[PDB]
């Protein structure tokens, strides 16, 4: 009925940069805040960053993520996660999730794998 799909995951060396992309279907980010949440193997969900509703929506970051991540609304239907200084601990499945109502991540993508290794 409504959905989002992450893309552009990869195998990559330590110290490299990478950009992920989430594309909406059936709705706009005019009324909803969008989030990037990841899941490292063997570990729980971790909130990375959010960006607010509409063009002038505001951005927030987890403390740990501020230097090396950047969230962006390319357009009303496309979100972006720029990942700059990757380390092995950044290996995870990365999720795009819509804040439907008052903090409930109503809808999720399948996720993309990012692996950092030698």
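Numbering follows the first chain given and starts at 1.
Just going by the entry, 39 to 47 versus 83 to 91 on mean CA temperature factor gives the higher value to 83 to 91.
Once the C-alpha B-factors are averaged per stretch, 100 to 108 and 7 to 15 rank with 7 to 15 first. The deposited CA B-factor of residue 78 belongs to the middle third of values across its chain. When the modelled residues of the chain are ordered by their C-alpha B factor, residue 70 lands in the middle third. In the deposited entry, the Cα temperature factor of residue 64 sits in the top third of values across the chain's modelled residues.
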